[PDB]
Amino acid sequence: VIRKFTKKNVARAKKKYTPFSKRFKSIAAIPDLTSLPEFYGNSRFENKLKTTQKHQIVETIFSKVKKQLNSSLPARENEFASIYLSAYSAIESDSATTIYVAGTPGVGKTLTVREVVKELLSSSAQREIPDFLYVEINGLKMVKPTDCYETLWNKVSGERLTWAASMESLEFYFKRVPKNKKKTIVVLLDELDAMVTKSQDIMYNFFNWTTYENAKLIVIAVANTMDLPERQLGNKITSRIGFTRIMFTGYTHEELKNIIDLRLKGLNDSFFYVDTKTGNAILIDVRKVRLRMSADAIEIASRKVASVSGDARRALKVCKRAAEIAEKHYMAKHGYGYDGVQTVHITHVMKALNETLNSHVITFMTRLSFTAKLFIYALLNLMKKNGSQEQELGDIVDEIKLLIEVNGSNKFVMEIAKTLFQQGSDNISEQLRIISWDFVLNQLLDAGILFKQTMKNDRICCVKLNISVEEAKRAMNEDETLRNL
Amino acid sequence: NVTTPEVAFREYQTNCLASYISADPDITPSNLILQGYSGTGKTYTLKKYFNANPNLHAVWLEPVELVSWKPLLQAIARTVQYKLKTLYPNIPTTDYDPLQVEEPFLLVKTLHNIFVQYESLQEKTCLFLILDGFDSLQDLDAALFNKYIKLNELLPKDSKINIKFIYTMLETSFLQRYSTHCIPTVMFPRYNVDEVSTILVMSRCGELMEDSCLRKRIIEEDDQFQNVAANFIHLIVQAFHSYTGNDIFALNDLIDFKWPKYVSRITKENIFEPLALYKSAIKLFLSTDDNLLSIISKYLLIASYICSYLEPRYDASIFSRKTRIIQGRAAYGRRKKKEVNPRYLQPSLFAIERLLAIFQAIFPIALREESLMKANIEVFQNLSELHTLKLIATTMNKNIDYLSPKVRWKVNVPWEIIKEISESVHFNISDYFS
Amino acid sequence: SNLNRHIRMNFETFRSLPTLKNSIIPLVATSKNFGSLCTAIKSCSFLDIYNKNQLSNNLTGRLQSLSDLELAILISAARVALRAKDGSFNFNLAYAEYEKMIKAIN
DNA sequence: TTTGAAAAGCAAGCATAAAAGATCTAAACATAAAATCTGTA
Ligand SMILES: Nc1ncnc2c1ncn2[C@@H]1O[C@H](COP(=O)(O)OP(=O)(O)OP(=O)(O)O)[C@@H](O)[C@H]1O
Ligand SMILES: Nc1ncnc2c1ncn2[C@@H]1O[C@H](COP(=O)(O)OP(=O)(O)OP(=O)(O)O)[C@@H](O)[C@H]1O
Ligand SMILES: [Mg+2]
Ligand SMILES: [Mg+2]
């Protein structure tokens, strides 16, 4: 038969369509799912990425410092206690509950929740509480937002079903199955804002299963914002999530110090056998070298990060960047390759902090050609003349022509007018646009300095500055020629 | 190690093609753009260059025949492996289906799978993918050309087959969208009138040799025949260059239309004197000649034109002709006439009832004779037909309800068409615009 | 030298070495012998020819390919667009301006 | 034969309806691999 179109790349998973409510003949016929081989969880790729080294690589003194500062809990004790007490009471009373946690990035939400469920699993290993199943659902790690329905049911039953069948199965399992035939499930919903669809059915279902009497379900919902339910969710879901919500504040600088010095307990103020032939250092031709990080360097890093964000990732990356700068300076002076006392002091931390804060924008427009800077200068002149923050391109063409023909006594303009309008030939006729007109316009568009409107008339098309006018004039004043006229 | 052909007024372009297109993949750019308008010899020069160098392996595609991006990807995947089959017939391959390519990354994957089975070749080779008319895709956006620019970076670096893209473009603005990519571009400017005349002689004289009309009239009444053909071409150019511009195709059309009638005025007296042949065949060098409703409906169209091009507040000053029992004054009319000629601009919008009032004001005619004409079934059927024939338009074009009082009406005919309509029923519409 | 002048012109306008490479490549390749290449790199006249070709389909070069009727119609439309306040025109007003200009010329 | 005088005409300024279209979505239309359902055997 003749097809109107073809779908030759369809890849369909092997997932059944029959839900759990039809799996048994009656409610009384459902067995103990805890005593089932495939229920409640009762790494095939990790050998793929291995090879032989055939080399002994050099690990300098700063390498152990840089590995100790990677993201891969002295300051989270009240939040740990609250989350642990709520989850513990819900587990050992066979209750269903929702624990809401919100915060800015890198303040330790995921780490605290994972340590809470680790200590809960340790409690259930010694029979202080009934045994439970732990499930992680990250909303940013799903292809489709409905795949969470597929994931949780697969973690509960071992079945592979499609998403509507999975959510029917989960609805039947939480609602109708008796408690004595079930197990407690703790579900971490990480990145909750990613699980928000147009119709909020996933959020309603996940928080409404926690209001079922038989469910034995605990949902730990981790969100960006305290008032995410009030901003983006319905009143029923906001009622079901609750009024009691746990805020993870940004870290103060004493806590960022505590985190960094907890990362630097075993190598800060310690000795190394350095082997100055290669620089490969071994922790206790060969010298005993003390390594230290300055406490005031950690102080200024922690103070800057705690004022700006309180992010632990940012503080660890700042200290790691400082160690990288010190290691680059160290390997420059010896030529150690990769195959006394060395200190990560204040200035490395300051150079690491300022390299994220210095702007390349003014440096970028400084090193442009004459024609691009002439474009920017004419656009600034038109912006101050007619007061508009949006200028027609034909006006910019006429302004460039006017600035060339008015400042015709300038020596640079005398030297460059023939280049700008004839490419210095006297065989090319006089042009209506300058040489490299479309080039510098497209260059300022790729850089994001300019915005242009989608019109096909070139003269009446408008152009806007996407950067600050003060930055543009500061760039234009650095040039010797354009600051004169 | 390449052969430069001789193209009559494209010598720089041919040297540029020789400088950019070679069998060595190391000294050949990944992308090459030929930019010029219609009839500038881009296809002719590229074809002459690839005919002068048969060792260069070229695949020709017309992006106008494919319309969209997905058939273009499938056409590339089809024609590349067909050319590779016909080029190395002893290499065993797998015939991948070109309809498997639905996305650009699928084209990258399919081209990789095709190219990894020609790895037994000796020397690195060039495959030239010529997209003649890239910006002639009916369905074109600004993001499509970026994919073809960066396509070579996703294909394997040390392959024996290295694809090279040659693009042909029409529009200067489309090319200037991509100026920061710094692709080598050869420009084909529009021809001179002298070059157009030379190309027309050298490409149409031999076609005017064996036309059966000329020889049939010589029998029925070789440098001399070339002389009369070239004189006809030069007369066509000198008569219609201001009409055609430097369009080769328009002058080809005019030559093809006017050659047989010019042939039919060649006599034995005319065959040696070209001025007498130009005097006898004169009327086809003066003009180009390149061309090819009921009573109620005509008056409804006339009334719609009147409604669209006259202001409604002057209506009672023109058509009102009935006597009065109650005291009253009609509209005085315009105090001074405007100088804008409103039939130069777009028509105004009017209601149905004003159109009916003006229609029965100007439609032709003891106690029950019913002198005026009411708007019965036939009037509304004719108006509906006029909307069907697109001689009347609305503001709404799709899902338009005729019956809403918020729906307005306008005429869309030119002034000449409504003049022909008004003079077909002997109506004097030009009085109303005086 | 002429090559330094072309480098200076690129530095003032494009400031792009790929742009200069796209002109240097056909200068090298179109030479047929060693002395011709030496004359080409000493004079850089091919760079002038290349620069002329890169602009030949611009607005300036497209106007120089127009016929007299085309130029007259374009001038008439530009007159009508200048007199308009939205810069807009149609075929009828441009033809009116054209016939007025032809009458006042003849 | 006149005659003031009210109906009608014109302009500037501004609030506002309407047109055009940019952007998007639902639904009809279309295909398709895996699961499931008959259905004799
Ligand atoms: N209290 C802490 N003690 C030690 N290390 C910490 C602490 N808080 C955060 N970190 C470090 O910072 C990293 C980021 O923490 P985490 O993943 O928990 O952040 P998060 O609050 O969930 O943020 P995001 O919203 O970006 O997901 C941790 O992996 C850990 O390395
Ligand atoms: N230099 C030339 N010498 C001889 N004949 C020529 C020359 N240039 C063009 N022609 C003739 O005119 C025809 C039109 O040229 P061609 O098809 O190459 O134009 P083009 O620029 O590719 O046009 P388009 O954009 O419409 O495809 C050619 O097929 C050929 O017959
Ligand atoms: Mg997290
Ligand atoms: Mg062509």
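Residues numbered from 1 in each chain as written, not as in the entry; some residues may be left out. Chains lettered and ligands numbered in written order. Part of a larger assembly, values for the part shown. Heavy atoms only, no water.

S.K.: Please clarify how the sheet that holds strand 2 (residues 132–138) of chain A should be interpreted in this entry.
M.R.: Two strands in a sheet stick together by hydrogen bonds in their backbones, pointing the same way (parallel) or opposite ways (antiparallel). Residues and elements named next belong to chain A. Taken together, five strands build an open sheet; the order of strands is 2-3-4-1-5 and the sheet is parallel. Two strands bound the open sheet, and with one partner strand each, they are strand 2 and strand 5 (245–248). Adjacent strand axes in the sheet meet at a mean angle of 15°, parallel and antiparallel pairs treated alike. Bridge count for strand 1 (residues 97–103) against strand 5 is four bridges, and the pairing is parallel. (Pairing = 2+ DSSP bridges. Helix = DSSP H or I, 4+ residues; strand = E, 2+ residues; numbered from the N terminus. Axes fitted to C-alpha atoms, helices over the stretch in contact; angles between N-to-C directions.)

S.K.: Help me out: how do you make sense of the pairing of strand 1 of chain A in this one?
M.R.: Looking along a regular strand, one sees the side chains alternate between the two faces of the sheet. Residue and element names in this part refer to chain A. Within strand 1, six of the seven residues are buried, leaving the element largely enclosed by the surrounding structure. As defined by bridge partners, strand 1 adjoins strand 4 (residues 217–223) across six bridges and the pair is classed as parallel. The partner of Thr97 across the bridge, within strand 4, is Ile218. (Buried < 20%, exposed > 50% of the residue type's maximum accessible area, 1.4 Å probe, protein only.)

S.K.: Explanation requested: the interface of chain C and chain B in the structure shown.
M.R.: Interfaces are often described in size by the accessible area the parts lose on coming together. Every contact between the two is made by 26 residues of chain C and, on the other side, 27 residues of chain B. Around 2000 Å² of area is buried between chain C and chain B when both sides are counted, 52% of it from carbon and sulfur atoms. Counting across the interface, chain C meets chain B through zero salt bridges. Summed over the shared surface of chain C and chain B, the result is eleven residue pairs in polar contact. Among the secondary structure elements, those contributing two or more residues to the side of chain C that touches chain B are helix 2 (17–29), helix 4 (45–54), helix 6 (68–83) and helix 7 (91–105) of chain C. Per-element accounting of the side of chain C that touches chain B gives the leading share, six residues, to helix 2 of chain C. For the side of chain C that touches chain B, the residue count by class is ten nonpolar, 13 polar and three charged. (Contact = heavy atoms within 4.5 Å. Buried area = accessible area lost by both parts, 1.4 Å probe. Salt bridge = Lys/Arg side-chain N within 4 Å of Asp/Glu carboxyl O. Polar contact = N/O pair within 3.5 Å; in protein donor to acceptor, adjacent residues only side chain to side chain. Nonpolar A, V, L, I, M, F, W, Y, C, P; charged D, E, K, R; others polar.)

S.K.: Sorry if this is basic, but what is going on with the interface of chain B and chain A here?
M.R.: Each partner contributes to the interface: chain B provides eleven residues, whereas chain A provides eight residues. When the two sides are added together, the surface that chain B and chain A hide from each other amounts to roughly 840 Å², 44% of it contributed by carbon and sulfur. Considering only the surface of chain B that becomes buried against chain A, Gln100, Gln176 and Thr180 of chain B emerge as the three largest contributors, covering 47% of it. Taken together, chain B and chain A are joined by zero salt bridges. Inspection of the region where chain B meets chain A yields eight residue pairs in polar contact.

S.K.: Is there a simple way to think about the side chain of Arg204 of chain B in this case?
M.R.: Residues and elements named next belong to chain B. With respect to the helices and strands, the residue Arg204 is situated in helix 7 (residues 193–209). Judged by its relative accessible area of 6%, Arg204 falls in the buried class. Among the polar contacts listed, one links the side chain of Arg204 to the side chain of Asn252, at a separation of 2.9 Å. Apart from residues no more than four positions distant in its own chain, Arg204 is found in contact with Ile233, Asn252, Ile255 and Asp256.

S.K.: Explain the protein's contact with DNA strand D here, please?
M.R.: Around DNA strand D sit 26 residues in total, of which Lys16 and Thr18 of chain A together with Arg313, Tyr332 and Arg335 of chain B are the nearest. Here the atoms of DNA strand D within 4 Å of the protein split so that 84% fall in sugar or phosphate, with bases taking the remainder. Between DNA strand D and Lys198 of chain A, the relevant distance is 3.1 Å, taken from a phosphate oxygen to a side-chain nitrogen or oxygen of the residue. The contact in question runs from a base nitrogen of DNA strand D to an N or O atom on the side chain of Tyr332 of chain B, over 2.7 Å. Along the lines of polarity and charge, the residues of the surface near DNA strand D split into seven nonpolar, four polar and 15 charged. (Near = heavy atom within 4 Å.)

S.K.: Explanation requested: the packing of aromatic side chains in the structure shown.
M.R.: Two aromatic rings are characterised by how far apart their centres lie and by the angle between their planes. Residue and element names in this part refer to chain B. In this structure the tally under the stated criterion is 53 aromatic pairs over all chains. On the numbers, 6.1 Å between centres and 25° between planes, the contact of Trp259 with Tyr262 is stacked. In this pair, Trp259 and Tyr262 both sit in helix 10 (residues 248–263), three residues apart, roughly one turn of the helix. Exposure remark for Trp259: the relative accessible area of 2% places this residue in the buried category. Given the relative accessible area of 0%, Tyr262 is considered buried. (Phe/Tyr/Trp six-rings, centres within 6.5 Å; stacked < 30°, edge-to-face > 60°.)

S.K.: Could you clarify how one ought to interpret the sheet that holds strand 5 (residues 185–188) of chain B in this entry?
M.R.: Residues and elements named next belong to chain B. Overall, parallel pairing links the five strands, which are arranged 2-3-4-1-5 in an open sheet. A strand with exactly one partner marks an edge of an open sheet, and here the two such strands are strand 2 (57–61) and strand 5. The average angle at which neighbouring strand axes cross in this sheet is 20°, direction not considered. Sheet topology places strand 2 next to strand 3 (residues 125–132); five bridges connect them, and they run parallel. Paired with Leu61 across the strands is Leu131, a residue of strand 3. Taken strand by strand, helix 1 (residues 11–20) contacts strand 1 (31–36) and strand 5, and its axis lies near 165° from that of strand 5.

S.K.: Can you walk me through the site of ligand 2 in this structure?
M.R.: Residues and elements named next belong to chain B. As a structural note, the neighbourhood of ligand 2 is formed by 14 residues, with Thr40, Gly41, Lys42, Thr43 and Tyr44 the closest of them. In this structure, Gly39 approaches ligand 2 through a main-chain N or O atom, which is 3.2 Å from an oxygen atom. Take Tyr191: an N or O atom from its side chain is 3.2 Å from a nitrogen atom of ligand 2. Protein contact buries 77% of the 640 Å² of open area that ligand 2 shows by itself. For the shell around ligand 2, the class distribution of residues is eight nonpolar, five polar and one charged. (Areas by Shrake-Rupley, 256 points an atom, 1.4 Å probe, with all protein chains shown as cover.)

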